[PDB]
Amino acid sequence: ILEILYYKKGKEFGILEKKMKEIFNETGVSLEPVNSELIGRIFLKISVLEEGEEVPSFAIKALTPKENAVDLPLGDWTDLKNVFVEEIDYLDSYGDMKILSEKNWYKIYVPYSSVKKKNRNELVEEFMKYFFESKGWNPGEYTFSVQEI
């Protein structure tokens, strides 16, 4: 997973950080920014689909009463008999990428064939254009940093 911190250009956060530290030292309570147009933190996971595999259009949360999972692959195709469907989410499309969003956590799915010669920077930069545009914000007014977590 990647942790992405974004910031509106020109905004200084030094007095914010000093006051957060002061509040922590007095109350013992650590305060963090609510995601806004000024500042935020998001989490991104990138999955590349193997050649000869289609990108997903829906994410399904299913539940099983079976008491073991030794018949279930993680990260492979299979058939699921007699499961309870709890949630269905339609993925957004941005170019060849499919994007699943849950609050500040994002998962992107890209076809092998499309990202064969692409690095993490190129992917993240495309994702961040999608992200800012999804919020109605101008991407040219932000910087962001990436951390592996």
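Note that residue numbering begins at 1 and tracks the sequence as displayed.
Higher average CA B factor: 111-119, of the stretches 111-119 and 45-53. Of the two segments, 32-40 and 77-85, the one listed with the higher mean B-factor is 77-85 (C-alpha atoms only). In the PDB entry, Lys135 places in the highest third of its chain by CA B-factor.
Sort the chain's modelled residues by C-alpha temperature factor and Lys61 lands in the middle third, per the entry.
Among the modelled residues of its chain, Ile1 has a C-alpha B-factor that falls in the highest third according to the deposited record.
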